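Asker: Please find model-v3.tsv (TSV, C-alpha atoms and all ligand atoms) on the next line:
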```tsv
chain	number	residue	atom	x	y	z
N	11	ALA	CA	171.08	-73.79	-14.37
N	12	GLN	CA	172.86	-77.20	-14.13
N	13	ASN	CA	171.71	-79.82	-11.52
N	14	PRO	CA	168.79	-77.72	-10.31
N	15	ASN	CA	167.43	-80.54	-8.02
N	16	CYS	CA	170.90	-80.57	-6.25
N	17	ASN	CA	171.48	-84.31	-6.72
N	18	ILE	CA	174.75	-85.92	-5.76
N	19	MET	CA	176.71	-86.46	-8.95
N	20	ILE	CA	179.14	-89.28	-9.65
N	21	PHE	CA	182.11	-88.73	-11.98
N	22	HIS	CA	184.32	-91.19	-13.87
N	23	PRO	CA	187.38	-89.23	-15.12
N	24	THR	CA	189.71	-90.82	-17.65
N	25	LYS	CA	193.41	-91.04	-16.91
N	26	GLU	CA	193.98	-87.90	-18.98
N	27	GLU	CA	191.23	-86.01	-17.14
N	28	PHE	CA	192.82	-87.07	-13.81
N	29	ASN	CA	196.02	-85.09	-14.48
N	30	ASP	CA	194.90	-81.63	-13.55
N	31	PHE	CA	193.01	-81.51	-10.19
N	32	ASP	CA	191.88	-77.87	-10.40
N	33	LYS	CA	190.62	-78.23	-13.93
N	34	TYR	CA	188.54	-81.33	-13.06
N	35	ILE	CA	187.00	-79.64	-9.97
N	36	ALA	CA	186.02	-76.68	-12.13
N	37	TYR	CA	184.59	-79.15	-14.74
N	38	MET	CA	182.45	-80.80	-12.08
N	39	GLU	CA	181.15	-77.38	-11.02
N	40	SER	CA	180.35	-76.51	-14.67
N	41	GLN	CA	177.97	-79.52	-14.52
N	42	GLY	CA	176.38	-78.28	-11.28
N	43	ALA	CA	178.04	-80.80	-8.90
N	44	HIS	CA	178.48	-78.24	-6.15
N	45	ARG	CA	174.83	-77.65	-5.84
N	46	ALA	CA	174.49	-80.98	-3.95
N	47	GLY	CA	177.23	-80.12	-1.47
N	48	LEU	CA	178.97	-83.46	-2.15
N	49	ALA	CA	180.21	-85.38	-5.25
N	50	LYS	CA	181.72	-88.84	-5.78
N	51	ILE	CA	184.79	-89.35	-8.00
N	52	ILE	CA	185.68	-92.88	-9.18
N	53	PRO	CA	189.37	-92.89	-10.25
N	54	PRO	CA	190.38	-94.33	-13.61
N	55	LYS	CA	191.11	-98.00	-13.55
N	56	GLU	CA	194.83	-97.24	-14.30
N	57	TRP	CA	195.23	-95.35	-11.02
N	58	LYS	CA	196.18	-96.50	-7.54
N	59	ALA	CA	196.92	-94.68	-4.26
N	60	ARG	CA	199.76	-96.97	-3.22
N	61	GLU	CA	200.88	-100.58	-3.97
N	62	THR	CA	199.45	-102.35	-0.87
N	63	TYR	CA	197.96	-101.83	2.55
N	64	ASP	CA	199.94	-104.69	4.05
N	65	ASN	CA	202.36	-102.48	5.96
N	66	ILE	CA	200.11	-100.02	7.99
N	67	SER	CA	199.67	-101.88	11.31
N	68	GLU	CA	202.36	-100.02	13.16
N	69	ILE	CA	200.86	-96.54	12.64
N	70	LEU	CA	199.93	-95.17	16.13
N	71	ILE	CA	196.58	-93.81	17.11
N	72	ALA	CA	197.85	-91.64	20.00
N	73	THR	CA	194.43	-90.63	21.31
N	74	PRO	CA	191.57	-92.95	20.22
N	75	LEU	CA	188.19	-91.40	21.00
N	76	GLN	CA	185.12	-93.21	22.37
N	77	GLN	CA	182.05	-91.53	20.94
N	78	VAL	CA	179.40	-91.47	23.72
N	79	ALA	CA	175.85	-90.36	22.80
N	80	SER	CA	173.14	-88.47	24.72
N	81	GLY	CA	169.58	-87.89	23.52
N	82	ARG	CA	167.13	-89.86	21.44
N	83	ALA	CA	167.80	-92.21	18.57
N	84	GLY	CA	167.15	-89.64	15.80
N	85	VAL	CA	168.37	-86.48	17.66
N	86	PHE	CA	171.50	-86.81	19.77
N	87	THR	CA	174.82	-85.28	20.66
N	88	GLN	CA	178.07	-87.13	21.08
N	89	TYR	CA	181.12	-86.34	23.20
N	90	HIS	CA	184.52	-87.82	22.71
N	91	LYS	CA	186.10	-89.64	25.62
N	92	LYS	CA	189.90	-90.06	25.39
N	93	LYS	CA	191.32	-93.60	25.49
N	94	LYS	CA	194.84	-95.06	25.77
N	95	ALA	CA	197.01	-95.14	22.65
N	96	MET	CA	196.91	-98.09	20.36
N	97	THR	CA	198.39	-99.17	17.00
N	98	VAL	CA	196.36	-99.54	13.83
N	99	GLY	CA	196.85	-103.34	14.19
N	100	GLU	CA	195.42	-103.24	17.69
N	101	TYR	CA	192.54	-101.00	16.56
N	102	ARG	CA	191.69	-103.30	13.64
N	103	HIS	CA	191.45	-106.27	16.04
N	104	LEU	CA	189.23	-104.18	18.34
N	105	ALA	CA	186.95	-103.16	15.53
N	106	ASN	CA	186.53	-106.85	14.49
N	107	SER	CA	185.79	-108.03	18.10
N	108	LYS	CA	182.34	-109.23	19.01
N	109	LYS	CA	181.66	-106.01	21.00
N	110	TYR	CA	182.34	-103.70	18.01
N	111	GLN	CA	181.99	-105.63	14.74
N	112	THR	CA	179.46	-104.88	12.05
N	113	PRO	CA	176.26	-106.97	12.55
N	114	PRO	CA	174.82	-109.21	10.01
N	115	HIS	CA	172.83	-107.27	7.46
N	116	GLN	CA	171.12	-107.52	4.02
N	117	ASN	CA	172.29	-104.42	2.19
N	118	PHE	CA	173.40	-100.83	2.81
N	119	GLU	CA	169.78	-99.76	3.51
N	120	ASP	CA	169.32	-102.43	6.20
N	121	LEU	CA	172.59	-101.36	7.84
N	122	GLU	CA	171.45	-97.71	7.70
N	123	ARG	CA	168.20	-98.71	9.52
N	124	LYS	CA	170.22	-100.52	12.18
N	125	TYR	CA	172.56	-97.55	12.61
N	126	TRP	CA	169.72	-95.08	13.22
N	127	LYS	CA	167.84	-97.45	15.45
N	128	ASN	CA	170.74	-98.55	17.62
N	129	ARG	CA	173.65	-96.08	17.46
N	130	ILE	CA	172.92	-94.31	20.73
N	131	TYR	CA	173.11	-97.55	22.71
N	132	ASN	CA	176.74	-98.18	21.91
N	133	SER	CA	180.01	-96.14	22.11
N	134	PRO	CA	182.35	-96.95	19.22
N	135	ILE	CA	186.03	-95.95	19.23
N	136	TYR	CA	187.40	-93.68	16.47
N	137	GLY	CA	190.99	-92.67	15.43
N	138	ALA	CA	190.58	-89.13	14.13
N	139	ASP	CA	192.57	-86.24	12.80
N	140	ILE	CA	195.88	-88.10	12.69
N	141	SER	CA	198.35	-85.99	10.66
N	142	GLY	CA	199.79	-88.13	7.92
N	143	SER	CA	199.30	-89.75	4.50
N	144	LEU	CA	198.99	-93.17	2.89
N	145	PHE	CA	199.55	-91.95	-0.71
N	146	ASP	CA	202.75	-93.20	-2.27
N	147	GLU	CA	205.08	-90.37	-3.18
N	148	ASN	CA	205.11	-91.64	-6.75
N	149	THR	CA	201.32	-91.32	-7.15
N	150	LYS	CA	201.20	-88.13	-9.21
N	151	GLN	CA	197.45	-87.69	-9.71
N	152	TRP	CA	195.02	-86.78	-6.90
N	153	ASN	CA	197.62	-87.28	-4.25
N	154	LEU	CA	196.10	-85.55	-1.20
N	155	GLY	CA	199.51	-84.59	0.21
N	156	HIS	CA	200.47	-82.72	-3.04
N	157	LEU	CA	197.58	-80.55	-3.65
N	158	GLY	CA	197.94	-76.72	-3.86
N	159	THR	CA	197.83	-75.13	-0.40
N	160	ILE	CA	195.00	-72.93	0.77
N	161	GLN	CA	197.56	-70.29	1.79
N	162	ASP	CA	198.91	-70.19	-1.78
N	163	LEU	CA	195.35	-69.93	-3.15
N	164	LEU	CA	194.54	-66.94	-0.91
N	165	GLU	CA	197.81	-65.32	-1.94
N	166	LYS	CA	197.11	-65.92	-5.68
N	167	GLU	CA	193.55	-64.53	-5.40
N	168	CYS	CA	193.99	-61.67	-2.98
N	169	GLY	CA	197.70	-60.78	-3.18
N	170	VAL	CA	198.68	-61.22	0.48
N	171	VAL	CA	201.27	-63.85	1.63
N	172	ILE	CA	200.18	-65.56	4.86
N	173	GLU	CA	201.73	-68.02	7.31
N	174	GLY	CA	200.39	-71.54	7.67
N	175	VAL	CA	200.44	-74.97	6.30
N	176	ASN	CA	197.83	-77.42	4.94
N	177	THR	CA	198.49	-81.19	5.43
N	178	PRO	CA	196.32	-84.34	5.23
N	179	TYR	CA	194.81	-86.35	8.01
N	180	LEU	CA	194.00	-90.02	8.52
N	181	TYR	CA	190.83	-91.46	10.05
N	182	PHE	CA	190.51	-95.03	11.33
N	183	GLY	CA	186.88	-96.06	11.78
N	184	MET	CA	184.69	-98.93	12.97
N	185	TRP	CA	181.02	-99.78	12.87
N	186	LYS	CA	178.88	-96.89	14.15
N	187	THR	CA	181.74	-94.35	14.25
N	188	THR	CA	180.03	-91.05	13.46
N	189	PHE	CA	180.76	-87.71	11.93
N	190	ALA	CA	178.38	-85.01	13.15
N	191	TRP	CA	176.58	-82.38	11.08
N	192	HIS	CA	179.05	-79.66	10.05
N	193	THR	CA	180.57	-77.61	7.32
N	194	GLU	CA	184.38	-77.38	6.90
N	195	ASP	CA	186.43	-74.83	8.83
N	196	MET	CA	185.98	-71.44	7.06
N	197	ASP	CA	183.44	-73.22	4.75
N	198	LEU	CA	186.35	-74.75	2.75
N	199	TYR	CA	186.15	-77.68	0.38
N	200	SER	CA	187.24	-81.09	1.54
N	201	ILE	CA	188.36	-84.18	-0.32
N	202	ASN	CA	188.21	-87.59	1.26
N	203	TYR	CA	189.72	-90.85	-0.09
N	204	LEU	CA	188.57	-94.16	1.38
N	205	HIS	CA	191.86	-96.16	1.33
N	206	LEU	CA	190.60	-99.48	2.64
N	207	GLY	CA	187.95	-101.41	4.41
N	208	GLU	CA	184.28	-100.99	4.87
N	209	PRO	CA	182.06	-98.23	3.44
N	210	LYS	CA	181.10	-94.80	4.73
N	211	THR	CA	177.55	-93.49	4.37
N	212	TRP	CA	177.16	-89.71	3.88
N	213	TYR	CA	174.35	-87.29	4.26
N	214	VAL	CA	174.50	-83.74	2.80
N	215	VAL	CA	172.35	-80.57	2.60
N	216	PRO	CA	172.70	-78.43	-0.56
N	217	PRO	CA	174.66	-75.21	0.14
N	218	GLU	CA	171.75	-73.07	-1.02
N	219	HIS	CA	169.67	-74.62	1.78
N	220	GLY	CA	172.20	-74.63	4.58
N	221	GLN	CA	170.33	-72.10	6.68
N	222	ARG	CA	167.32	-74.49	6.84
N	223	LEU	CA	169.47	-77.04	8.54
N	224	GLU	CA	170.84	-74.39	10.92
N	225	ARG	CA	167.33	-73.28	11.91
N	226	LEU	CA	166.27	-76.90	12.63
N	227	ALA	CA	169.41	-77.52	14.59
N	228	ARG	CA	168.73	-74.46	16.81
N	229	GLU	CA	165.25	-75.87	17.46
N	230	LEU	CA	166.49	-79.42	18.23
N	231	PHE	CA	169.46	-78.42	20.36
N	232	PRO	CA	168.15	-75.45	22.23
N	233	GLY	CA	170.71	-75.29	25.09
N	234	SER	CA	173.64	-75.72	22.66
N	235	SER	CA	172.28	-72.97	20.50
N	236	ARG	CA	171.98	-70.52	23.41
N	237	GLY	CA	175.61	-71.31	24.17
N	238	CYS	CA	177.01	-70.54	20.71
N	239	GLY	CA	175.58	-68.93	17.54
N	240	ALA	CA	177.72	-71.37	15.52
N	241	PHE	CA	177.45	-74.49	17.65
N	242	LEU	CA	177.51	-76.86	14.71
N	243	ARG	CA	181.16	-75.90	14.53
N	244	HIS	CA	181.57	-78.02	17.71
N	245	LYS	CA	180.93	-81.08	15.65
N	246	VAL	CA	178.71	-82.91	18.12
N	247	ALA	CA	175.07	-82.86	16.78
N	248	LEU	CA	173.34	-85.68	14.92
N	249	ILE	CA	169.97	-85.60	13.24
N	250	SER	CA	168.57	-88.65	11.39
N	251	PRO	CA	167.24	-88.73	7.85
N	252	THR	CA	163.79	-89.53	9.22
N	253	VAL	CA	163.85	-86.37	11.35
N	254	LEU	CA	165.16	-84.26	8.49
N	255	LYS	CA	162.31	-85.56	6.21
N	256	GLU	CA	159.72	-84.84	8.92
N	257	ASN	CA	160.94	-81.25	9.04
N	258	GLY	CA	161.13	-80.78	5.25
N	259	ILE	CA	164.90	-80.28	5.12
N	260	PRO	CA	166.36	-80.90	1.64
N	261	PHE	CA	169.15	-83.50	1.75
N	262	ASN	CA	170.73	-86.42	-0.09
N	263	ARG	CA	172.53	-89.59	0.82
N	264	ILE	CA	175.25	-91.74	-0.74
N	265	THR	CA	177.60	-94.58	0.28
N	266	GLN	CA	181.35	-94.31	-0.45
N	267	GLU	CA	183.33	-97.52	-0.95
N	268	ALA	CA	187.04	-98.25	-0.77
N	269	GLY	CA	188.91	-96.75	-3.69
N	270	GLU	CA	186.51	-93.82	-4.14
N	271	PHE	CA	186.94	-90.06	-3.55
N	272	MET	CA	184.32	-87.72	-2.15
N	273	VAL	CA	184.46	-83.97	-2.47
N	274	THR	CA	182.52	-81.65	-0.14
N	275	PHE	CA	181.80	-78.17	-1.44
N	276	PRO	CA	181.81	-74.81	0.40
N	277	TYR	CA	178.94	-74.53	2.89
N	278	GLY	CA	177.73	-78.12	2.23
N	279	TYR	CA	176.62	-79.43	5.63
N	280	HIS	CA	177.35	-83.12	5.93
N	281	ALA	CA	177.29	-86.04	8.44
N	282	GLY	CA	177.62	-89.81	8.27
N	283	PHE	CA	178.86	-93.09	9.67
N	284	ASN	CA	181.26	-95.94	8.98
N	285	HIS	CA	180.06	-99.48	8.26
N	286	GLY	CA	183.03	-101.30	9.83
N	287	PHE	CA	186.79	-101.10	10.07
N	288	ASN	CA	188.16	-98.64	7.53
N	289	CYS	CA	190.82	-95.99	6.87
N	290	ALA	CA	190.17	-92.67	5.14
N	291	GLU	CA	192.45	-89.71	4.31
N	292	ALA	CA	191.12	-86.21	4.02
N	293	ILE	CA	192.30	-82.61	3.52
N	294	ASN	CA	190.76	-79.19	3.04
N	295	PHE	CA	191.39	-77.26	-0.15
N	296	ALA	CA	190.30	-74.05	-1.86
N	297	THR	CA	189.54	-72.71	-5.34
N	298	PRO	CA	188.80	-69.17	-6.51
N	299	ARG	CA	185.07	-69.79	-5.95
N	300	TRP	CA	185.71	-70.46	-2.21
N	301	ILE	CA	186.91	-66.93	-1.38
N	302	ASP	CA	183.41	-65.47	-1.21
N	303	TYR	CA	182.28	-68.28	1.06
N	304	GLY	CA	185.28	-67.83	3.35
N	305	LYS	CA	184.41	-64.16	3.82
N	306	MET	CA	180.92	-65.09	5.01
N	307	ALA	CA	181.62	-68.21	7.08
N	308	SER	CA	180.23	-68.26	10.61
N	309	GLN	CA	182.52	-68.58	13.43
N	310	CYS	CA	182.55	-70.20	16.92
N	311	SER	CA	183.91	-67.67	19.47
N	312	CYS	CA	182.61	-69.53	22.65
N	313	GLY	CA	185.78	-71.55	23.25
N	314	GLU	CA	184.46	-74.97	22.26
N	315	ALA	CA	185.46	-75.43	18.59
N	316	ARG	CA	189.30	-74.83	19.03
N	317	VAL	CA	191.03	-75.28	15.61
N	318	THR	CA	194.21	-75.48	13.53
N	319	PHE	CA	196.80	-72.73	13.80
N	320	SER	CA	196.29	-71.92	10.10
N	321	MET	CA	192.66	-70.65	10.57
N	322	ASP	CA	194.05	-67.50	12.21
N	323	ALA	CA	195.23	-66.00	8.98
N	324	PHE	CA	192.05	-66.85	7.08
N	325	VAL	CA	189.95	-64.99	9.71
N	326	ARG	CA	192.43	-62.13	9.91
N	327	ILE	CA	192.46	-61.44	6.16
N	328	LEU	CA	188.94	-62.42	5.11
N	329	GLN	CA	186.98	-61.39	8.24
N	330	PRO	CA	188.89	-58.52	9.94
N	331	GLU	CA	185.85	-57.23	11.81
N	332	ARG	CA	185.34	-60.67	13.48
N	333	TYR	CA	189.00	-61.31	14.14
N	334	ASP	CA	189.40	-59.80	17.61
N	335	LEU	CA	186.32	-61.60	19.05
N	336	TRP	CA	187.23	-64.89	17.35
N	337	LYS	CA	190.78	-64.77	18.68
N	338	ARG	CA	189.52	-64.20	22.28
N	339	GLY	CA	187.55	-67.48	21.83
N	340	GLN	CA	190.81	-69.20	20.85
N	341	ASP	CA	192.57	-67.93	24.08
G	1	LIG	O1	186.18	-89.43	7.00
G	1	LIG	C1	185.67	-88.58	7.90
G	1	LIG	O2	185.85	-88.76	9.10
G	1	LIG	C2	184.83	-87.45	7.58
G	1	LIG	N1	185.69	-86.60	6.77
G	1	LIG	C3	185.04	-85.56	6.32
G	1	LIG	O3	183.99	-85.19	6.90
G	1	LIG	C4	185.46	-84.87	5.08
G	1	LIG	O4	186.24	-85.37	4.30
G	1	LIG	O5	184.85	-83.77	4.95
G	2	MG	MG	202.90	-99.49	9.86
G	3	NI	NI	183.98	-82.70	6.71
G	4	ZN	ZN	181.08	-72.35	20.01
```
Take the structure from the file and write it as structure tokens.
Answerer:
Amino acid sequence: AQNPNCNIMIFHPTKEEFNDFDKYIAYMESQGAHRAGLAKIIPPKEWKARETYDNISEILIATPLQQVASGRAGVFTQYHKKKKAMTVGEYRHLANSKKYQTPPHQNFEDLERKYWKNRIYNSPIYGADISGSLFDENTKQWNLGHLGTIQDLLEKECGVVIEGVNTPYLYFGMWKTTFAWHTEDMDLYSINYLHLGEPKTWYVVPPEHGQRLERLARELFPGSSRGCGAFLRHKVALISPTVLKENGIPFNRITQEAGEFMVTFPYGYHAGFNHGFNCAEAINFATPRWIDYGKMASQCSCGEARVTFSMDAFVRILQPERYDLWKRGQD
């Protein structure tokens, strides 16, 4: 069995190996990468996402979100307060202001300590889930707006044409901006490219141990759990590495830097934070191996999670028994 300890693997494809996305994902899996829940991919030195980042300031962040925390330093929830629109140039200046800028620090581990100690006492502002792309149209390898669609994958595997589309999203972050513990919608893969700026630290639980995290989360968030059997789908709960270690939950950590891809695998719970101003692009994708995970994915039917149009068909075809209840939660 490859990668039996479920370590995060780091890959360095050549330019030739970077030509066929599906093949390279399947290669990484043949080496056991999926067992971690997360892998890093360093592009060949010949590759670039676009020529420059000098022309992105006029992108609009229509609904910046202030991430306000409740709880204790290692175990908290966050809610997202809506703020007035601002451009990427305005947001970059904000991020670099004395109120929001990264503090002085020694190394990534010192900054991690500061994050966990202090996050709850501040409310950083995040631009999230902005439909769009920063890949140049002439980047032909690993261009996140030209991947195979999940609807085409389901049709190829199962035979049924379905409605829906699959496009990328941009994320503009600052120090302390946080992504809560979650798996992807319908336990899909994700791919994330850090276009520019400061790093992103990730935490991940191996897929084979996902239910351990779920059981701890029900214990640590007991009102939320009573509310919804799949409340981690609300994307609001944070648990620190110290708390996970105290409770014997298997996990790993890694820091992504600008110019690097991360891939999350089906049913890999993950969470993390940004080190300072940055811009990432991300999209969900599928392979043949995902279908069995999509059929088994939990679902939020309480009303909170509210998702993309295109989840409808995945539930309808893969989970027909759950469809009627799930759809009531959407309405
Ligand atoms: O960059 C982010 O905000 C986090 N993105 C993801 O969690 C992802 O790619 O799965
Ligand atoms: Mg612009
Ligand atoms: Ni994710
Ligand atoms: Zn719910």
Asker: Can you measure CA of residue 174 in chain N to CA of residue 303 in chain N for me? One decimal in Å is fine.
Answerer: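 If I compute the distance from CA of residue 174 in chain N to CA of residue 303 in chain N, I get 19.6 Å.
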Asker: Which residues are near ligand LIG 1 (chain G) in this structure, taking near to mean any atom at most 7 Å from a ligand atom and counting all atoms listed in the file? Format them as a list in words.
Answerer: residues 138, 181, 189, 194, 200, 201, 202, 274, 281, 290, 291, 292 and 293 of chain N
Asker: I need the residue nearest ligand ZN 4 (chain G) from this list: N:282, N:14, N:276, N:239. Use all atoms listed in the file for the distance.
Answerer: N:239
Asker: Can you work out which residues are within 7 Å of ligand MG 2 (chain G), considering all atoms listed in the file, and then hand them over as an mmCIF file with C-alpha atoms, in the frame of the given file?
Answerer:
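Saved as out-v7.cif:
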```cif
data_model
loop_
_atom_site.group_PDB
_atom_site.id
_atom_site.type_symbol
_atom_site.label_atom_id
_atom_site.label_comp_id
_atom_site.auth_asym_id
_atom_site.auth_seq_id
_atom_site.Cartn_x
_atom_site.Cartn_y
_atom_site.Cartn_z
ATOM 1 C CA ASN N 65 202.360 -102.480 5.960
ATOM 2 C CA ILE N 66 200.110 -100.020 7.990
ATOM 3 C CA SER N 67 199.670 -101.880 11.310
ATOM 4 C CA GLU N 68 202.360 -100.020 13.160
ATOM 5 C CA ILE N 69 200.860 -96.540 12.640
#
```
Asker: Between CA of residue 105 in chain N and CA of residue 184 in chain N, what distance in Å does the model show, to one decimal?
Answerer: 5.4 Å
Asker: For the atom pair CA of residue 186 in chain N and CA of residue 247 in chain N, what is the interatomic distance in Å to one decimal place?
Answerer: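 Taking CA of residue 186 in chain N and CA of residue 247 in chain N, their separation equals 14.8 Å.
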Asker: Set the cut-off to 9 Å, count all atoms listed in the file, and list whatever residues fall near ligand ZN 4 (chain G) as a ChimeraX atom specification.
Answerer: /N:234-235,237-244,309-316,339
Asker: Which neighbours of residue 218 in chain N fall inside 12 Å, counting only C-alpha atoms, when residues of the same chain fewer than 4 positions from it are skipped, and could you give them as a PyMOL selection string?
Answerer: chain N and resi 14-16+44-47+214+222-223+259-261+275-279+303
Asker: Would you mind telling me which residue in N:57, N:150, N:160, N:119 lies nearest to residue 263 in chain N when using all atoms listed in the file?
Answerer: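 Of N:57, N:150, N:160, N:119, the one nearest residue 263 in chain N, counting all atoms listed in the file, is N:119.
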Asker: Could you give me, as a PDB file with C-alpha atoms, keeping the file's coordinate frame, the residues within 9 Å of residue 178 in chain N, counting only C-alpha atoms and dropping anything in the same chain fewer than 5 positions from it?
Answerer:
```
ATOM      1  CA  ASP N 139     192.570 -86.240  12.800  1.00  0.00           C
ATOM      2  CA  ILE N 140     195.880 -88.100  12.690  1.00  0.00           C
ATOM      3  CA  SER N 141     198.350 -85.990  10.660  1.00  0.00           C
ATOM      4  CA  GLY N 142     199.790 -88.130   7.920  1.00  0.00           C
ATOM      5  CA  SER N 143     199.300 -89.750   4.500  1.00  0.00           C
ATOM      6  CA  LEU N 154     196.100 -85.550  -1.200  1.00  0.00           C
ATOM      7  CA  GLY N 155     199.510 -84.590   0.210  1.00  0.00           C
ATOM      8  CA  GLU N 291     192.450 -89.710   4.310  1.00  0.00           C
ATOM      9  CA  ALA N 292     191.120 -86.210   4.020  1.00  0.00           C
ATOM     10  CA  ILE N 293     192.300 -82.610   3.520  1.00  0.00           C
ATOM     11  CA  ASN N 294     190.760 -79.190   3.040  1.00  0.00           C
TER      12      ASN N 294
END
```
Asker: Write out as a PyMOL selection string which residues come within 10 Å of residue 230 in chain N when counting all atoms listed in the file, dropping same-chain ones fewer than 3 positions away.
Answerer: chain N and resi 85-86+224-227+233-235+247-249
Asker: Select, from N:92, N:219, N:236, N:192, the residue with the minimum atom-to-atom distance to ligand NI 3 (chain G), counting all atoms listed in the file.
Answerer: N:192
Asker: Kindly indicate which residue among N:103, N:245, N:285, N:337 lies nearest to ligand NI 3 (chain G), using only C-alpha atoms and all ligand atoms for the distances.
Answerer: N:245
